[PDB]
Amino acid sequence: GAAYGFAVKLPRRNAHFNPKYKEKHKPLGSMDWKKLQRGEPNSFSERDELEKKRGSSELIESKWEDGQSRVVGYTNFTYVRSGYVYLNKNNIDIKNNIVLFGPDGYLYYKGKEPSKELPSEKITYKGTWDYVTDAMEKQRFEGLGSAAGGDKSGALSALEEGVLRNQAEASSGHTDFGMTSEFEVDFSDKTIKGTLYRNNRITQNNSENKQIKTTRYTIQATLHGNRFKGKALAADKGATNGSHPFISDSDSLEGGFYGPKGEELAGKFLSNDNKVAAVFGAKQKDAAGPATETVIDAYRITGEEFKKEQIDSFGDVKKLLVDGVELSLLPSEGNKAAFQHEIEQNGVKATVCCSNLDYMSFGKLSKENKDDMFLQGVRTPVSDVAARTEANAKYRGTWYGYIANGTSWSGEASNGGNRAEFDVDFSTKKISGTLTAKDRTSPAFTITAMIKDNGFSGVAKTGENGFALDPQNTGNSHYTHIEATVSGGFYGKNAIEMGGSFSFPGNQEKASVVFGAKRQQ
Ligand SMILES: [Cs+]
Ligand SMILES: [Cs+]
Ligand SMILES: [Cs+]
Ligand SMILES: [Cs+]
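Residue numbers (the working numbering): 6 to 526.
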């Protein structure tokens, strides 16, 4: 349920003189978060609206920076942008009826190329985080500063007074700046620990308070896909001084990894008391060698061309992306579930299988009237597959296929129809299998493969005599025989399912096949 990125509009209560036009409180909520679609991290709908609204000059965007809020060494982010984007344009409607003071903008986080590949060991990510509060009348946090508002405005992190930003302080390699974030991730444990800090500018003679770093939060999360869900723990849960709105925790912490190898990550959370909404983004340090592995497979087989086109995935099998917009693969008002179930949702139309599979979905899709064949699924990584030492698995499932020369023929998944048996022998890693067509005696495709990592690779060939496109009508039965390279992966919790595909172009006969099966014996 977690998407590309999110943005919450920076709260500005209607601080008007009061013929009942004055807004008492401009609170925050989960419904005040708005979702961001595909594109570049440093640009989206509302931000473009800001750019249009901009005009003469002056756009404030939290990049880095290099003036406030950065960690040196964990410098440039290519896949992720998280922070604040606002404008100093106040809203005035003496033409009735509006009065808005403070930053007109959004607190967002956005990433591109969701990770289908993650490290297999402990990796630390450093970065930054930013917050914003609601707009309550006569609400001020002395610890944050009056310049931060919180009356009329909503206490923006970019305006927190007693923080270090300018880098002139300690001209050496002083690393952390402003509100920094630190994370340690154990991918083998599927666990994420974190801490949201606050770098203090130790006053010239250190006047009234305060030491180097104020621990604002900690973070506890777990993985399931390429995203992470969990809780944010406020360090000052015992607070009543009213010095800062970091009193309550947050059971609404969501996030995700970005980059092909998962070299970046970003997320958000909203405090339980609906007082503080916060975002964060972190990457690794500056011929790198982090041991990695694939966790998510998600591709379309173009129709026809040749190869496969990789498509974005969040680990949610129940829906897919077409590079543009979301496509739900669940039956609604049509009644679940049978085996296969096709759906159309405005932009395109598709058919998805099946019911016996929970960790993977595969089928066909259409828009250009040249159908492609998608396959997606969350793999079963990785030491679980490696440690497995059985003797014979015997997977069983089915497949979507298309063979043409011409003449052209296609086959769909069945519940005597299209079937697919697979024999997996661990310890030796050797796997064999066959997939058969509709009402036909002999196997259509024989697949021989072997297991590496959390996947399997091999070859699929037709019968010795070939595969007749027209078994009946003997003259030009079109015995098209095809030998191609088939690649697949193990999807599930205990590798209870498997999937894969193979395609083939030529300088005259073409083909494309996707398949999925379930472990039983
Ligand atoms: Cs404080
Ligand atoms: Cs204010
Ligand atoms: Cs200051
Ligand atoms: Cs709480």
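Every residue, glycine too, gets a C-beta built ideally from N, C-alpha and C.
Residue i: CB within 8 Å of a non-hydrogen atom of ligand 1
| i | result |
| --- | --- |
| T245 | no |
| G148 | yes |
| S257 | no |
| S248 | yes |
| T220 | no |
heavy atom of ligand 4 below 8 Å from residue i C-beta
| i | result |
| --- | --- |
| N459 | no |
| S253 | yes |
| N397 | no |
| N23 | no |
| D139 | no |
| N279 | no |
First through last residue of the beta strand (DSSP E) which encompasses residue i
| i | result |
| --- | --- |
| residue 542 | The question about residue 542 has no answer here: the residues shown for the chain are numbered 6 through 526. |
| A500 | No beta strand (DSSP E) holds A500; DSSP gives it neither H nor E. |
| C358 | 354-358 |
| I99 | Careful: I99 lies outside any beta strand (DSSP E) and carries neither H nor E. |
| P124 | 122-124 |
| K466 | 460-466 |
| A239 | 232-239 |
| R203 | Careful: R203 lies outside any beta strand (DSSP E) and carries neither H nor E. |
| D109 | 109-116 |
| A522 | 515-524 |
Contact set for residue i: own chain, Cβ-Cβ below 6 Å, skip 5 residues either direction
| i | result |
| --- | --- |
| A303 | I316, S318, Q381 |
| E28 | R18, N19 |
| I197 | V190, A226, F233 |
| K313 | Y304, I306 |
| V13 | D37, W38, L112, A282 |
| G88 | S67, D135 |
| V90 | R52, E66, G110, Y111 |
| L270 | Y130, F262, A287 |
| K236 | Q225, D256, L258 |
| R75 | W69, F182 |
| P510 | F311 |
| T356 | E347, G368, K369 |
Where the alpha helix (DSSP H) through residue i begins and ends
| i | result |
| --- | --- |
| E56 | 50-59 |
| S87 | Looking at the DSSP string, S87 is not in any alpha helix (DSSP H); the run it does join, the beta strand (DSSP E), is 85-92. |
beta-carbon residue i near ligand 3 non-hydrogen atom, thresh 8 Å
| i | result |
| --- | --- |
| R206 | yes |
| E166 | yes |
Cβ-heavy atom distance, residue i to ligand 2, below 8 Å
| i | result |
| --- | --- |
| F495 | no |
| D241 | no |
| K31 | no |
Below-9 Å beta-carbon distance, residue i vs any chain C residue
| i | result |
| --- | --- |
| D430 | In the structure shown, chain C cannot be found, because there is only a single protein chain. |
Other residues of its chain near residue i: CB distance less than 7 Å, five sequence neighbours each side excluded
| i | result |
| --- | --- |
| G320 | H229, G230, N231, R232, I301, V383 |
| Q144 | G155, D156 |
| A160 | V137, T138, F146, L149, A153, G154, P250 |
Residues near residue i in its chain [Cβ-Cβ closer than 8 Å; skip 5 each side]
| i | result |
| --- | --- |
| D53 | none |
| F192 | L123, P124, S125, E126, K127, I128, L228 |
| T297 | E122, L123, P124, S125, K266, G267 |
| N279 | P32, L33, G34, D139 |
Enumerated in chain order, which unbroken segments of the beta strand (DSSP E) with a length of 3 residues or greater are wholly contained in the stretch 262-306?
269-275, 281-288, 297-299, 301-306
Unbroken stretches of the beta strand (DSSP E), 3 residues or longer, contained in the stretch 383-447:
400-409, 414-416, 424-429, 435-441
Specify which residues have a beta carbon nearer than 6 Å to any heavy atom of ligand 2, listing them in chain order.
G154, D156, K157, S158
Contiguous beta strand (DSSP E) assignments of at least 3 residues, all confined to the stretch 313-349:
313-315, 324-326, 331-333, 345-349
Return the chain-ordered ranges of every beta strand (DSSP E) run that is complete within the stretch 165-197 and spans a minimum of 3 residues.
185-191
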